Amino acid sequence: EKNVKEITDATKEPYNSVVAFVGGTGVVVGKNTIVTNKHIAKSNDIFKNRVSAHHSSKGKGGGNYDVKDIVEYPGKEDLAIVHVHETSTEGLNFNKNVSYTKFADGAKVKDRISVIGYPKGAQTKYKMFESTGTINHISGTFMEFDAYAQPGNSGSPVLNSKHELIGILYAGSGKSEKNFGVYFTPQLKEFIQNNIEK
């Protein structure tokens with residue numbers, strides 16, 4: 001499917017749970033806590049760059065926050081928890097500027113979904129886009145779906161028709177409307193929830 005539209009004002013739910021990292025996307029799931037791919041969290045710990053809360057071309061900025069630490073999922077699944085320092089260098093409070101996305105507790109093949117993130121962010125001044133499609137396959141912690149996705153979408157939340165979080169994108173395929181995600185099973189949900197700051 002190729003139905004991709006810019007979210008010009010991402011201060012509204014659920015767009016204000018989406019965050020931009022230099023080369024990808026993450027989603028806020030609880031107090032000071034973001035989910036994204038492993039390499040996005042990791043390569044960010046080399047330059048120690050900030051994460052921007054819901055950057056969009058027209059929306060009031062949500063702040064740019066420093067990373068406190070990362071917790072990688074132990075398994076091979078491409079999932080990492082990123083904790084941020086609650087107060088930005090500009091005195092903005094992360095929790096006042098984002099929302100926490102709720103879990104879907106799974107999905108089904110043929111479900112209609114949205115992938116929201118920053119495709120080609122370094123070429124667009126980090127415009128947020130939502131891309132719609134359908135879940136084509138679910139197995140274990142793997143899912144495939146056909147929403148158009150590009151470089152910049154790794155870590156993007158995949159949402160259901162009620163704006164709840166099913167998983168996150170981790171990869172495309174070939175030369176992309178056949179894209180792969182981490183599908184959140186109870187085990188991955190429990191991993192995430194156990195690692196939200198109290």
Side-chain angles (χ1 to χ4, degrees), residues 1 3-29 34-41 51-57 59 77-80 98-107 109 111-174 176-185 188-189 192:
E1 184 161 336
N3 273 315
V4 181
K5 296 297 167 157
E6 180 182 3
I7 304 307
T8 56
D9 186 331
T11 65
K12 312 311 187 174
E13 305 187 347
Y15 308 110
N16 63 344
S17 69
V18 178
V19 297
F21 290 79
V22 158
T25 302
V27 60
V28 183
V29 290
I34 292 155
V35 171
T36 187
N37 289 158
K38 293 173 162 169
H39 73 94
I40 296 290
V51 294
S52 177
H54 67 69
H55 189 261
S56 60
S57 67
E77 282 89 351
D78 195 353
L79 175 67
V98 303
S99 63
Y100 308 152
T101 286
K102 298 194 171 61
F103 285 89
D105 305 319
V109 181
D111 283 357
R112 300 283 300 159
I113 49 83
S114 288
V115 178
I116 301 170
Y118 293 98
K120 309 302 289 169
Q123 290 67 230
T124 64
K125 303 183 185 170
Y126 295 95
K127 291 179 174 30
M128 183 181 296
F129 285 93
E130 174 172 5
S131 174
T132 58
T134 298
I135 290 168
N136 312 120
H137 181 88
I138 297 162
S139 61
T141 56
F142 171 90
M143 62 182 171
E144 169 181 332
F145 46 87
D146 64 19
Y148 186 87
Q150 292 190 269
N153 274 125
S154 286
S156 288
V158 181
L159 306 192
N160 71 8
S161 69
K162 304 177 279 272
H163 301 307
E164 299 165 338
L165 182 62
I166 298 162
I168 55 179
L169 188 148
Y170 77 88
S173 72
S176 193
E177 295 165 43
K178 181 181 178 72
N179 296 301
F180 304 136
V182 184
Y183 177 79
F184 296 164
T185 52
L188 296 194
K189 175 177 170 182
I192 298 166

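All residue numbers refer to positions in the sequence shown, counting from 1. The figures that follow rest on heavy atoms only: side chains count, while hydrogens, waters and symmetry mates do not.
- Side chain of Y15 to backbone of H55: no donor-acceptor contact under 3.5 angstrom is found.
- Put simply, the side chain of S56 never gets that close to the backbone of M128: no donor and acceptor are under 3.5 Å apart.
- The closest side-chain heavy-atom distance from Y118 to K127 is not below 4.5 Å.
- Looking only at side-chain heavy atoms (C-beta outward), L188 and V182 come within less than 4.5 Å of each other.
- Judged purely by atom type and a 3.5 angstrom limit, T25 uses its side chain to pair as donor or acceptor with the backbone of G152.
- Within the model, atoms CD of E177 and CG of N3 stand 9.0 Å from one another, a figure rounded to the nearest 0.5 Å.
- Side-chain contact between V158 and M143 is present, with heavy atoms from C-beta onward closer than 4.5 Å.
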Working for side chain to side chain contact (heavy atoms under 4.5 Å, CB included), residues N160 and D111 = CA-CA 7 Å; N160 71 8; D111 283 357; 5.9 Å; no
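- Side-chain contact of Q150 with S176: a donor-acceptor pair under 3.5 Å is absent, judged by distance alone.
- You'll find the side chain of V27 stays beyond 4.5 Å of the side chain of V19, heavy atoms only.
- No side-chain heavy atom of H54 sits under 4.5 Å from any side-chain heavy atom of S17.
- Remark: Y148 OH to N153 CG distance equals 9.5 Å, nearest 0.5 Å.
- Between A104 and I166, the shortest heavy-atom distance links the atoms CB-CG1, 3.9 Å.
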ask   = Can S154 and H39 be said to form a side chain to side chain contact (heavy atoms under 4.5 Å, CB included), step by step?
value = CA-CA 9 Å; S154 286; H39 73 94; 4.2 Å; yes
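- Between the side chains of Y170 and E77, not a single donor N or O lies within less than 3.5 Å of an accepting N or O.
- For the 3.5 Å distance criterion, the side chains of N16 and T11 fail to qualify, holding no donor opposite an acceptor.
- For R112 and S161, the side-chain atoms include no donor-acceptor pair closer than 3.5 Å.
- By the 4.0 Å N-to-carboxylate-O rule, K178 lies too far from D146 to be salt-bridged with it.
- The CG atom of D78 sits 9.5 Å away from the CG atom of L169 when rounded to the nearest 0.5 Å.
- For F21 against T36, the heavy-atom pair with the smallest separation is CZ-CG2, 3.9 Å.
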task = Take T132 and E1 through the side-chain hydrogen bond (donor to acceptor under 3.5 Å, both in side chains) test and state the conclusion after the steps.
result = CA-CA 7 Å; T132 58; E1 184 161 336; 2.8 Å; yes
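- Of all the heavy atoms in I168 and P157, the pair that sits closest is CG2-CA, 4.3 Å.
- Side-chain contact between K189 and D105 is present, with at least one heavy-atom pair separated by less than 4.5 Å.
- The backbone N or O of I40 sits nowhere less than 3.5 Å from a side-chain atom of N37 that would complete a donor-acceptor pair.
- In this model, a donor atom of one side chain and an acceptor atom of the other lie less than 3.5 Å apart for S139 and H137.
- Here the closest heavy-atom approach between residue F145 and residue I135 is recorded as CB-CA, 4.0 Å.
- With contacts defined as side-chain heavy-atom distances shorter than 4.5 Å, the pair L165/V29 qualifies.
- Between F180 and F142, the ring centre distance stays below 6.0 Å.
- Counting heavy atoms from C-beta on, the side chains of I7 and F129 never come closer than 4.5 Å.
- Between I113 and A147, the shortest heavy-atom distance links the atoms CD1-CB, 4.1 Å.
- Residues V4 and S131 approach most closely at CG2-OG, 3.6 Å, considering heavy atoms.
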